[PDB]
Amino acid sequence: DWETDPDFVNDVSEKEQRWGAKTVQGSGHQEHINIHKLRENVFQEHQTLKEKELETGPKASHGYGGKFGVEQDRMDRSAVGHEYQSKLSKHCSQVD
Amino acid sequence: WXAXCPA
Amino acid sequence: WXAXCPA
Amino acid sequence: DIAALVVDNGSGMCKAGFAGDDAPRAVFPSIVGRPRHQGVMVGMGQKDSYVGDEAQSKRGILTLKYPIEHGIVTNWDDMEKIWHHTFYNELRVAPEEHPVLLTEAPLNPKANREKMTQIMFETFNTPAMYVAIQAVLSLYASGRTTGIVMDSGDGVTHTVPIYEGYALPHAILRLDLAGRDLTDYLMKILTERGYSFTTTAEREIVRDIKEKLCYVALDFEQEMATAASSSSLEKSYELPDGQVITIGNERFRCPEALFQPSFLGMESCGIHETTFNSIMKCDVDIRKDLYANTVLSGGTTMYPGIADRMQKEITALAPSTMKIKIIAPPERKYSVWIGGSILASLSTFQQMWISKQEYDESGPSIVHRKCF
Amino acid sequence: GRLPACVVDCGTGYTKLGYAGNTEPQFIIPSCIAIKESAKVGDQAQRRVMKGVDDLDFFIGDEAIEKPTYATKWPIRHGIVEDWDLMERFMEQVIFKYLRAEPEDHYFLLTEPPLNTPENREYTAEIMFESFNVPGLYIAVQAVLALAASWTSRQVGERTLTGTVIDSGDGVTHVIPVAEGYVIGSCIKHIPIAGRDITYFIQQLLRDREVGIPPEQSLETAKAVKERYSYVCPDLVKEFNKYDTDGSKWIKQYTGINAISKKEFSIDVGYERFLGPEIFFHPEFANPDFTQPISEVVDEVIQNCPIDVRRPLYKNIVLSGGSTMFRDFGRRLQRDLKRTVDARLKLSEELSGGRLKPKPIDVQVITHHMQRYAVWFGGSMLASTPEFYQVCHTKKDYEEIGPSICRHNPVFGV
Amino acid sequence: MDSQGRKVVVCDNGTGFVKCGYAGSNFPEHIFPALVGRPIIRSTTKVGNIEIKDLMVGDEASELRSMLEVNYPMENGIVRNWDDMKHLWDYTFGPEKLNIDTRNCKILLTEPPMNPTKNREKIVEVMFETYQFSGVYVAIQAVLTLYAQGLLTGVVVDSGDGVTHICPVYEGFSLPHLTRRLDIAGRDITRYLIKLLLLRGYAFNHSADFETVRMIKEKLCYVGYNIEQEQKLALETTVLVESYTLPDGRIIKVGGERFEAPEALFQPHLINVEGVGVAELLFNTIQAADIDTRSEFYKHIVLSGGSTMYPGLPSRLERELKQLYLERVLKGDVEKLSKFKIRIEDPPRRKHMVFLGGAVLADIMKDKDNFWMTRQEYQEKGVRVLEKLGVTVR
Ligand SMILES: Nc1ncnc2c1ncn2[C@@H]1O[C@H](COP(=O)(O)OP(=O)(O)O)[C@@H](O)[C@H]1O
Ligand SMILES: Nc1ncnc2c1ncn2[C@@H]1O[C@H](COP(=O)(O)OP(=O)(O)O)[C@@H](O)[C@H]1O
Ligand SMILES: Nc1ncnc2c1ncn2[C@@H]1O[C@H](COP(=O)(O)OP(=O)(O)O)[C@@H](O)[C@H]1O
Ligand SMILES: [Mg+2]
Ligand SMILES: [Mg+2]
Ligand SMILES: [Mg+2]
């Protein structure tokens, strides 16, 4: 598949190796950073990713109207909207 | 439930 | 099986 | 200015909102997820139990447990968590400043209402509360005063006939057969194809397959021959890991358990006979109005073909000269909440609350006298 | 006030020492100990009794390889401590000489491989609690800390808490799937084939072919040949042919110094450029018990996790440990995994009937800026949080229950 | 043999073992592992005198496993490999086994419950097109177990090598809504034992070493009784360490593992299976039945399958059921527990109950023509002949 390189050498001292090697173009002694800020930022970003992964996934709360919306296409040919209203029953036994 | 059915 | 579990 | 909270808390889905709106503010599955692994990345948001939507987005590594089975709260520590998440995280409002209108199924044990009231008055410290029958709010929302409500939630299916506002409690019928049983029956019939779903986190995938693909056949003994002759009825579904399933015959055999509960090993009659018997329990005079005002409600009645089959059944069952009209609006997935918001906003209702003073005088045993 | 907790990641070929709260280990020494050993007769538990104060005449780390009159012993083999006398002496100089920590004022966070026997944890607890008297201990699995070391090199908004960590160190290679922050322990895989097996294979190759390598350095050379001229090949027989037909380009030269007379020896590095790392995708080259490539092991690991967490696990395969710093290692791993996944998806589509074409599973192998010490930094995170002091085993817990307090880890139930 | 000279064979075709014989027999004529092996070379084994064919099947493929790569044609009761299964069946009806002319014989096959229908359809197709049997029937396993025991009511807990299933039957009427099927059995217990042994430094990674670990689990392992007491024994004393000699010659030591590998039937969460153990699943199956049948289901708990032969499994099952009943029926009344009457019927030859039930049923129905699926019905209808059994397929 992918071609290889014959003339690649990452000569490094054992002491240079313990920190990183020239096979990864960034490895080695990195700039010291704040760890708690990184931790909280990763937590918040994972929370935001979970929120959008939920929003873009299948939603059970989709047919209750409002922001969720109404599951239309579920009305039928013999279905009559609640907007409709019949009249009270009047049988001949009820007049005179 | 307690008797009949679970719940 | 075909879906779920192997068999 | 204080406005009541309408909080449904039925089995399967909890829907909360403010009194006087046209739609629930927050809808989320009423589950509680316990983590079933021991994670050591401490400080990254670890918890002991995830409630509502937060459980679904993590259901892969959780055991999901429903605190309400068949309309009965089998775990009250979990129900307190559900209510706390509803109050402080979904609605974001203190409970001690608004009255709370909860709903319940008919023919539930009295301990359910007793503990509902005790919790709403001793833990959340609400100033007033109420407990309403769901099938009555499902008629409030429909803009009626006479009709038979056929409410089929996730875990329980009950029918209540009302005429001119006077309910007939001697004809209220209940049937412990709903979405949760249809979802556990689909989990069984899916094995005939080779698909094996067993984990509580795959019951949700099966519930999604059921609420996206399944339909109710108008004629079961004919649709069986149809699905047997040709492959023009199959549908494919894509699991959240890549695998694809296909279901042709299960589509209408899943909701057919509603009309033939013998499929699940139950003696009881189907939902059409449950409604018909509940109609014929009333008086001879009001049966005509109950026939032509048959309301539907609840998620389990959101099946394409449910109204046609229900009419075909209750028409072959009713006298030949009675007109049947299955009132089934597309907003019936939340009719009970709309009825609750209508009832809580009325002025003549502001005397029907159970005040904190009343509860302090007679304890939790009061909810039986006030609440119908 | 509180002092920062000490982090001591003790690996088979290298130990990383530091104080929690920093960005990189303060020390990275070899995990070796130089003690005076002579020609004696009798058991090992009997010739180790040193009279007087002669049991403190030992060195560790870099200062133990220089000593030419001492005998150098490695206490840890395959990540599992096989010698506890040497390990106790190593720990006591780690604490009192390098870290300069008073072991009664600092919580300790040690590490372990997945399949460390419970008796090893009990002995470690006995050592740290009764001999050094630490106020608290926490023995975390090694690869699970390596996940929280890839966040410093990836763009904002894509630092996930879910991924499959592949830790290949000096003595052991283990695969740990983490999902949403919860270690899926019942799916962890553990293979004792790692860097040192590659170094033994390479020296056996060099010794069968080359001449002029001093015996006392035949290992030290096979490390400089392995960590310098080694790469990964897309195909084995094709690479043998490429070396046979055009040897003038693919065959390199290595020039080392004989550290007795300071002369220089020269050897030819040939096939062991690509045969070294190939024991990762052909473990039978070094241990005839295992026969399963690393791509297939990773695929089994991910295919055993829950269903709805399989697709994110494929997206964040994080490499860690030194033995994964081979050129185009992640590339070949991802290629094999993509082959397997696409074949499985096409089979599922064909079995479905041919109506839906599902989303192709994104497979990614993440190389980052911290791989060589990715474990330790992870610890330096966990041991810098407040909640850390709530998951440690306090000294009271040991004084009450005993060493059996440290007997459980997330690889086995109950 | 019937009144037509057509032999009536009974073949169990288990995931981990084939048990075949004739109708009316009291013992399986042949019990051999169901695995197919192919010859391979290994750098650690050297054999140069035993003739190894290009395809070994069954018993010889297990005794000669050191020089073969073996694979099972079945898994979880579902045939994963059809060619290997056809080879296993060729060997079963071959000369060095049951020696029958399949053109003039009837056969009685089995199948676990809640199994994909294409599996049974393809098995019947193979039996009618390849071997051209004159009659085939596919009975239910729990029905056969109750035939062998001699009952009409009981809750069969059949735990084979490949799969565990709990099937209650009352007065001869099958309740198919209570059939539970847990996917933990001998093979998952063997894999868990392999994991535990790997924690000790032993590596069983080959296809042949699986049978070695199986033979270890069968000799040493046992199900605990009071798991707290067993853990106290394993952690405080040293009376559970037992040595086993592998075929090559190595001597391994098995200690607490003896009661941790077979515990994954009662505590599935050890092997990453989210559910309930076999005892809790049995109790839920019973308590899902009508009130009038529970009291009789408790008195006829019929064990079956090889995986229920662990030393002390009946007693541990009974203790678990009594504890569940005390906590969840009597709500904690110890006085009433002495009135609770269980009876876990564990016959001595409970490892071949399904075959004995098949033998009884075939001895009963050999001479009928409305019981067997005849080859003519297959040539006329196809896979629709299965509708004779009560399983409706088109
Ligand atoms: N569109 C739909 N089609 C089929 N079944 C549905 C649909 N919507 C909901 N259901 C079933 O009904 C249940 C949801 O009903 P719901 O009204 O949420 O119950 P509750 O009001 O008691 O929470 C689910 O368990 C689901 O199985
Ligand atoms: N750049 C590299 N390329 C190849 N192998 C390496 C490299 N760096 C280190 N190694 C090997 O990895 C091992 C040391 O890595 P390390 O992660 O410290 O293992 P451990 O932590 O178990 O000691 C040594 O065997 C060494 O030969
Ligand atoms: N005495 C025993 N103790 C524990 N396990 C056993 C014993 N005998 C057999 N087993 C396990 O059960 C399997 C045999 O059971 P069996 O009922 O023959 O399986 P099948 O379902 O293939 O018929 C073997 O593969 C073995 O792993
Ligand atoms: Mg409802
Ligand atoms: Mg390491
Ligand atoms: Mg069997």
# chains A, B, ... in the order shown; residues from 1 in each chain; ligands from 1

call {"tool": "select_by_dssp", "arguments": {"residues": "segment 143-370 of chain F", "states": "strand (DSSP E)", "output": "VMD selection string"}}
result
chain F and resid 154 to 159 164 to 170 173 to 174 180 to 182 242 to 245 251 to 254 301 to 304 344 to 345

call {"tool": "interface_residues", "arguments": {"of": "chain A", "to": "chain D", "cutoff": "7 Å", "atoms": "only C-alpha atoms", "output": "list in words"}}
result
residues 43, 50, 54, 61, 63, 64, 65, 66, 70, 71, 72, 74, 75, 76, 78, 79, 80, 81, 82, 88 and 89 of chain A

call {"tool": "write_last_selection", "arguments": {"atoms": "N, CA, C and O atoms", "output": "PDB file, in the first residue's frame"}}
result
ATOM      1  N   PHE A  43     -13.584  19.111  30.475  1.00  0.00           N
ATOM      2  CA  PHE A  43     -14.888  18.745  31.021  1.00  0.00           C
ATOM      3  C   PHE A  43     -16.008  19.524  30.337  1.00  0.00           C
ATOM      4  O   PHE A  43     -17.009  18.944  29.898  1.00  0.00           O
ATOM      5  N   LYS A  50     -21.516  16.373  24.232  1.00  0.00           N
ATOM      6  CA  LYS A  50     -22.615  15.473  24.572  1.00  0.00           C
ATOM      7  C   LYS A  50     -23.960  16.122  24.285  1.00  0.00           C
ATOM      8  O   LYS A  50     -24.887  15.459  23.802  1.00  0.00           O
ATOM      9  N   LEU A  54     -26.583  14.580  21.614  1.00  0.00           N
ATOM     10  CA  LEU A  54     -27.962  14.263  21.977  1.00  0.00           C
ATOM     11  C   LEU A  54     -28.941  14.976  21.055  1.00  0.00           C
ATOM     12  O   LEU A  54     -29.928  14.385  20.603  1.00  0.00           O
ATOM     13  N   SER A  61     -38.604  12.879  22.805  1.00  0.00           N
ATOM     14  CA  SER A  61     -39.428  14.053  23.049  1.00  0.00           C
ATOM     15  C   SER A  61     -39.509  14.884  21.779  1.00  0.00           C
ATOM     16  O   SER A  61     -38.852  15.926  21.672  1.00  0.00           O
ATOM     17  N   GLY A  63     -42.800  14.763  19.850  1.00  0.00           N
ATOM     18  CA  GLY A  63     -44.193  14.882  19.466  1.00  0.00           C
ATOM     19  C   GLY A  63     -45.066  15.647  20.437  1.00  0.00           C
ATOM     20  O   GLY A  63     -46.294  15.609  20.324  1.00  0.00           O
ATOM     21  N   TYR A  64     -44.458  16.340  21.400  1.00  0.00           N
ATOM     22  CA  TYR A  64     -45.221  17.017  22.478  1.00  0.00           C
ATOM     23  C   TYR A  64     -45.390  18.510  22.177  1.00  0.00           C
ATOM     24  O   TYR A  64     -45.754  19.229  23.117  1.00  0.00           O
ATOM     25  N   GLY A  65     -45.172  18.972  20.941  1.00  0.00           N
ATOM     26  CA  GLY A  65     -45.398  20.365  20.612  1.00  0.00           C
ATOM     27  C   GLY A  65     -44.361  21.297  21.219  1.00  0.00           C
ATOM     28  O   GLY A  65     -43.453  20.895  21.948  1.00  0.00           O
ATOM     29  N   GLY A  66     -44.523  22.577  20.902  1.00  0.00           N
ATOM     30  CA  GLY A  66     -43.579  23.574  21.389  1.00  0.00           C
ATOM     31  C   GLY A  66     -42.248  23.465  20.682  1.00  0.00           C
ATOM     32  O   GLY A  66     -42.181  23.354  19.453  1.00  0.00           O
ATOM     33  N   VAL A  70     -44.756  18.726  16.801  1.00  0.00           N
ATOM     34  CA  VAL A  70     -45.885  17.745  16.784  1.00  0.00           C
ATOM     35  C   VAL A  70     -45.581  16.676  15.733  1.00  0.00           C
ATOM     36  O   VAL A  70     -45.228  17.054  14.600  1.00  0.00           O
ATOM     37  N   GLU A  71     -45.716  15.396  16.090  1.00  0.00           N
ATOM     38  CA  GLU A  71     -45.422  14.267  15.167  1.00  0.00           C
ATOM     39  C   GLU A  71     -46.561  14.159  14.155  1.00  0.00           C
ATOM     40  O   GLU A  71     -47.403  13.255  14.313  1.00  0.00           O
ATOM     41  N   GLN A  72     -46.586  15.044  13.156  1.00  0.00           N
ATOM     42  CA  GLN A  72     -47.636  15.041  12.105  1.00  0.00           C
ATOM     43  C   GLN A  72     -47.410  13.837  11.194  1.00  0.00           C
ATOM     44  O   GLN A  72     -46.352  13.199  11.339  1.00  0.00           O
ATOM     45  N   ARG A  74     -49.255  11.364  11.457  1.00  0.00           N
ATOM     46  CA  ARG A  74     -49.815  10.293  12.324  1.00  0.00           C
ATOM     47  C   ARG A  74     -51.339  10.462  12.351  1.00  0.00           C
ATOM     48  O   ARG A  74     -52.004   9.616  12.974  1.00  0.00           O
ATOM     49  N   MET A  75     -51.871  11.501  11.696  1.00  0.00           N
ATOM     50  CA  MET A  75     -53.341  11.691  11.558  1.00  0.00           C
ATOM     51  C   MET A  75     -53.818  10.678  10.520  1.00  0.00           C
ATOM     52  O   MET A  75     -52.986  10.310   9.668  1.00  0.00           O
ATOM     53  N   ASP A  76     -55.077  10.236  10.563  1.00  0.00           N
ATOM     54  CA  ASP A  76     -55.537   9.180   9.673  1.00  0.00           C
ATOM     55  C   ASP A  76     -56.692   9.652   8.798  1.00  0.00           C
ATOM     56  O   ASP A  76     -57.093  10.819   8.860  1.00  0.00           O
ATOM     57  N   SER A  78     -59.792   8.419   8.911  1.00  0.00           N
ATOM     58  CA  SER A  78     -61.034   8.383   9.724  1.00  0.00           C
ATOM     59  C   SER A  78     -60.800   9.116  11.049  1.00  0.00           C
ATOM     60  O   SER A  78     -61.610   8.908  11.976  1.00  0.00           O
ATOM     61  N   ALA A  79     -59.751   9.932  11.141  1.00  0.00           N
ATOM     62  CA  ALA A  79     -59.438  10.724  12.354  1.00  0.00           C
ATOM     63  C   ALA A  79     -60.064  12.113  12.211  1.00  0.00           C
ATOM     64  O   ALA A  79     -60.021  12.654  11.090  1.00  0.00           O
ATOM     65  N   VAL A  80     -60.661  12.631  13.293  1.00  0.00           N
ATOM     66  CA  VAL A  80     -61.306  13.977  13.319  1.00  0.00           C
ATOM     67  C   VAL A  80     -60.640  14.795  14.428  1.00  0.00           C
ATOM     68  O   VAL A  80     -60.672  14.335  15.586  1.00  0.00           O
ATOM     69  N   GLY A  81     -60.075  15.958  14.099  1.00  0.00           N
ATOM     70  CA  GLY A  81     -59.370  16.811  15.076  1.00  0.00           C
ATOM     71  C   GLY A  81     -60.242  17.148  16.271  1.00  0.00           C
ATOM     72  O   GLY A  81     -61.459  17.309  16.075  1.00  0.00           O
ATOM     73  N   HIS A  82     -59.654  17.260  17.467  1.00  0.00           N
ATOM     74  CA  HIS A  82     -60.386  17.614  18.712  1.00  0.00           C
ATOM     75  C   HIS A  82     -61.102  18.948  18.498  1.00  0.00           C
ATOM     76  O   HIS A  82     -62.073  19.217  19.227  1.00  0.00           O
ATOM     77  N   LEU A  88     -75.210  17.254  22.017  1.00  0.00           N
ATOM     78  CA  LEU A  88     -75.717  16.283  23.028  1.00  0.00           C
ATOM     79  C   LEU A  88     -76.756  15.378  22.366  1.00  0.00           C
ATOM     80  O   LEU A  88     -77.317  15.795  21.338  1.00  0.00           O
ATOM     81  N   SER A  89     -77.012  14.194  22.922  1.00  0.00           N
ATOM     82  CA  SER A  89     -77.942  13.203  22.320  1.00  0.00           C
ATOM     83  C   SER A  89     -79.398  13.623  22.517  1.00  0.00           C
ATOM     84  O   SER A  89     -79.739  14.021  23.649  1.00  0.00           O
TER      85      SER A  89
END

call {"tool": "residues_around", "arguments": {"residues": "segment 352-361 of chain D", "least_positions_apart": "5", "cutoff": "12 Å", "atoms": "only C-alpha atoms", "output": "JSON, numbers by chain"}}
result
{"D": [4, 96, 97, 98, 99, 100, 101, 102, 114, 117, 118, 119, 120, 121, 122, 124, 125, 126, 127, 128, 129, 130, 131, 132, 343, 344, 345, 346, 347, 366, 367, 368, 369, 370, 371, 372]}

call {"tool": "interface_residues", "arguments": {"of": "chain D", "to": "chain B", "cutoff": "7 Å", "atoms": "only C-alpha atoms", "output": "list in words"}}
result
residues 69, 70, 72 and 74 of chain D

call {"tool": "interface_residues", "arguments": {"of": "chain D", "to": "chain F", "cutoff": "9 Å", "atoms": "only C-alpha atoms", "output": "number ranges by chain"}}
result
D: 36, 63, 188-195, 198-200, 228-229, 263-265

call {"tool": "interface_residues", "arguments": {"of": "chain E", "to": "chain D", "cutoff": "6 Å", "atoms": "only C-alpha atoms", "output": "list in words"}}
result
residues 181, 182, 183, 306, 307, 308, 309, 310, 311, 348, 352 and 358 of chain E

call {"tool": "write_last_selection", "arguments": {"atoms": "C-alpha atoms", "output": "PDB file, in the first residue's frame"}}
result
ATOM      1  CA  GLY E 181     -14.997   8.572  31.771  1.00  0.00           C
ATOM      2  CA  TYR E 182     -15.870   5.053  32.972  1.00  0.00           C
ATOM      3  CA  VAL E 183     -13.248   2.352  32.464  1.00  0.00           C
ATOM      4  CA  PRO E 306     -21.677  -1.683  24.576  1.00  0.00           C
ATOM      5  CA  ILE E 307     -23.194  -1.051  21.158  1.00  0.00           C
ATOM      6  CA  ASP E 308     -23.923   2.682  21.241  1.00  0.00           C
ATOM      7  CA  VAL E 309     -20.378   3.394  22.462  1.00  0.00           C
ATOM      8  CA  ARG E 310     -18.661   1.473  19.657  1.00  0.00           C
ATOM      9  CA  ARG E 311     -18.697   4.267  17.082  1.00  0.00           C
ATOM     10  CA  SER E 348     -24.208  -6.328   7.404  1.00  0.00           C
ATOM     11  CA  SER E 352     -29.944  -6.610   5.435  1.00  0.00           C
ATOM     12  CA  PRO E 358     -24.919   2.845   6.908  1.00  0.00           C
TER      13      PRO E 358
END

call {"tool": "residues_around", "arguments": {"residues": "residue 94 of chain E", "least_positions_apart": "3", "cutoff": "10 Å", "atoms": "only C-alpha atoms", "output": "NGL selection string"}}
result
:E and (8 or 15 or 17 or 27 or 29 or 60-61 or 88-91 or 97-101)

call {"tool": "write_last_selection", "arguments": {"atoms": "N, CA and C atoms", "output": "PDB file, in the first residue's frame"}}
result
ATOM      1  N   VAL E   8       4.598   8.368  41.045  1.00  0.00           N
ATOM      2  CA  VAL E   8       5.701   7.463  40.734  1.00  0.00           C
ATOM      3  C   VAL E   8       5.137   6.392  39.804  1.00  0.00           C
ATOM      4  N   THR E  15      11.147   4.380  34.838  1.00  0.00           N
ATOM      5  CA  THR E  15      10.300   4.874  35.909  1.00  0.00           C
ATOM      6  C   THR E  15      10.265   6.394  35.857  1.00  0.00           C
ATOM      7  N   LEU E  17       9.266   9.808  37.814  1.00  0.00           N
ATOM      8  CA  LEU E  17       9.088  10.375  39.140  1.00  0.00           C
ATOM      9  C   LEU E  17       8.674  11.834  39.015  1.00  0.00           C
ATOM     10  N   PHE E  27      11.738  13.319  36.864  1.00  0.00           N
ATOM     11  CA  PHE E  27      12.813  12.385  36.558  1.00  0.00           C
ATOM     12  C   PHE E  27      12.279  11.253  35.697  1.00  0.00           C
ATOM     13  N   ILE E  29      14.139   7.784  34.929  1.00  0.00           N
ATOM     14  CA  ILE E  29      15.368   6.962  35.142  1.00  0.00           C
ATOM     15  C   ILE E  29      15.111   5.564  34.597  1.00  0.00           C
ATOM     16  N   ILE E  60      20.451   3.305  41.919  1.00  0.00           N
ATOM     17  CA  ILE E  60      19.293   3.106  41.052  1.00  0.00           C
ATOM     18  C   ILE E  60      19.354   4.099  39.901  1.00  0.00           C
ATOM     19  N   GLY E  61      18.552   3.828  38.878  1.00  0.00           N
ATOM     20  CA  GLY E  61      18.400   4.767  37.783  1.00  0.00           C
ATOM     21  C   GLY E  61      19.641   4.873  36.915  1.00  0.00           C
ATOM     22  N   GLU E  88      11.684  -2.697  47.134  1.00  0.00           N
ATOM     23  CA  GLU E  88      11.625  -1.858  48.326  1.00  0.00           C
ATOM     24  C   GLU E  88      12.821  -0.919  48.396  1.00  0.00           C
ATOM     25  N   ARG E  89      14.017  -1.423  48.091  1.00  0.00           N
ATOM     26  CA  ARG E  89      15.190  -0.548  48.090  1.00  0.00           C
ATOM     27  C   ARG E  89      15.082   0.524  47.012  1.00  0.00           C
ATOM     28  N   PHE E  90      14.611   0.137  45.825  1.00  0.00           N
ATOM     29  CA  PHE E  90      14.378   1.086  44.744  1.00  0.00           C
ATOM     30  C   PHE E  90      13.406   2.173  45.181  1.00  0.00           C
ATOM     31  N   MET E  91      12.307   1.785  45.833  1.00  0.00           N
ATOM     32  CA  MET E  91      11.324   2.766  46.275  1.00  0.00           C
ATOM     33  C   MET E  91      11.901   3.687  47.341  1.00  0.00           C
ATOM     34  N   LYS E  97      15.898  10.101  47.978  1.00  0.00           N
ATOM     35  CA  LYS E  97      17.043  10.655  47.264  1.00  0.00           C
ATOM     36  C   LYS E  97      16.642  11.506  46.074  1.00  0.00           C
ATOM     37  N   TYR E  98      15.727  11.025  45.232  1.00  0.00           N
ATOM     38  CA  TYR E  98      15.336  11.784  44.047  1.00  0.00           C
ATOM     39  C   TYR E  98      14.192  12.741  44.348  1.00  0.00           C
ATOM     40  N   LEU E  99      13.051  12.209  44.795  1.00  0.00           N
ATOM     41  CA  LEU E  99      11.915  13.073  45.103  1.00  0.00           C
ATOM     42  C   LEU E  99      12.192  13.941  46.322  1.00  0.00           C
ATOM     43  N   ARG E 100      13.032  13.459  47.241  1.00  0.00           N
ATOM     44  CA  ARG E 100      13.294  14.146  48.505  1.00  0.00           C
ATOM     45  C   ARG E 100      11.996  14.451  49.244  1.00  0.00           C
ATOM     46  N   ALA E 101      11.045  13.527  49.163  1.00  0.00           N
ATOM     47  CA  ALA E 101       9.770  13.696  49.833  1.00  0.00           C
ATOM     48  C   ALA E 101       9.774  12.981  51.172  1.00  0.00           C
TER      49      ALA E 101
END

call {"tool": "residues_near_ligand", "arguments": {"ligand": "ligand 2", "cutoff": "8 Å", "atoms": "only C-alpha atoms and all ligand atoms", "output": "ChimeraX atom specification"}}
result
/A:17-18,20-23 /E:9-16,30-31,79,167-172,194-196,198-199,223,226-228,230,320-326,371-373

call {"tool": "interface_residues", "arguments": {"of": "chain F", "to": "chain B", "cutoff": "10 Å", "atoms": "only C-alpha atoms", "output": "ChimeraX atom specification"}}
result
/F:284,287-291,328-329

call {"tool": "residues_near_ligand", "arguments": {"ligand": "ligand 6", "cutoff": "7 Å", "atoms": "only C-alpha atoms and all ligand atoms", "output": "number ranges by chain"}}
result
F: 12, 14, 160, 305, 354

call {"tool": "residues_around", "arguments": {"residues": "residue 276 of chain F", "least_positions_apart": "5", "cutoff": "9 Å", "atoms": "only C-alpha atoms", "output": "list in words"}}
result
residues 182, 265, 266, 267, 268, 269 and 281 of chain F

call {"tool": "select_by_dssp", "arguments": {"residues": "segment 151-282 of chain D", "states": "alpha helix (DSSP H)", "output": "PyMOL selection string"}}
result
chain D and resi 179-189+203-213+220-229+250-253+271-280

call {"tool": "residues_around", "arguments": {"residues": "residue 390 of chain F", "least_positions_apart": "2", "cutoff": "12 Å", "atoms": "only C-alpha atoms", "output": "ChimeraX atom specification"}}
result
/F:137-140,371,373,384-388,392-393

call {"tool": "residues_near_ligand", "arguments": {"ligand": "ligand 4", "cutoff": "6 Å", "atoms": "only C-alpha atoms and all ligand atoms", "output": "PyMOL selection string"}}
result
chain D and resi 151-153+298

call {"tool": "decode", "arguments": {"residues": "segment 379-388 of chain F", "atoms": "N, CA and C atoms", "output": "CSV table (one decimal), in the first residue's frame"}}
result
chain,number,residue,atom,x,y,z
F,379,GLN,N,-40.8,-32.1,-1.0
F,379,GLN,CA,-40.7,-31.9,-2.4
F,379,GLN,C,-41.9,-31.2,-3.0
F,380,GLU,N,-43.0,-31.3,-2.3
F,380,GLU,CA,-44.3,-30.6,-2.7
F,380,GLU,C,-44.3,-29.2,-2.2
F,381,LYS,N,-44.0,-29.0,-1.0
F,381,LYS,CA,-44.2,-27.7,-0.3
F,381,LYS,C,-42.9,-26.9,-0.2
F,382,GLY,N,-41.8,-27.5,0.2
F,382,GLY,CA,-40.6,-26.8,0.5
F,382,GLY,C,-40.3,-26.6,2.0
F,383,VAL,N,-40.1,-25.4,2.4
F,383,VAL,CA,-39.8,-25.1,3.8
F,383,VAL,C,-41.2,-24.9,4.5
F,384,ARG,N,-42.3,-25.1,3.8
F,384,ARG,CA,-43.6,-25.0,4.4
F,384,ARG,C,-44.0,-26.2,5.2
F,385,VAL,N,-43.3,-27.3,5.0
F,385,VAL,CA,-43.7,-28.6,5.6
F,385,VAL,C,-43.5,-28.4,7.1
F,386,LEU,N,-42.7,-27.5,7.6
F,386,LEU,CA,-42.5,-27.2,9.0
F,386,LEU,C,-43.8,-26.8,9.7
F,387,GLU,N,-44.8,-26.3,8.9
F,387,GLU,CA,-46.1,-26.0,9.5
F,387,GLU,C,-46.7,-27.2,10.1
F,388,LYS,N,-46.2,-28.4,9.9
F,388,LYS,CA,-46.8,-29.6,10.5
F,388,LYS,C,-46.5,-29.5,12.0
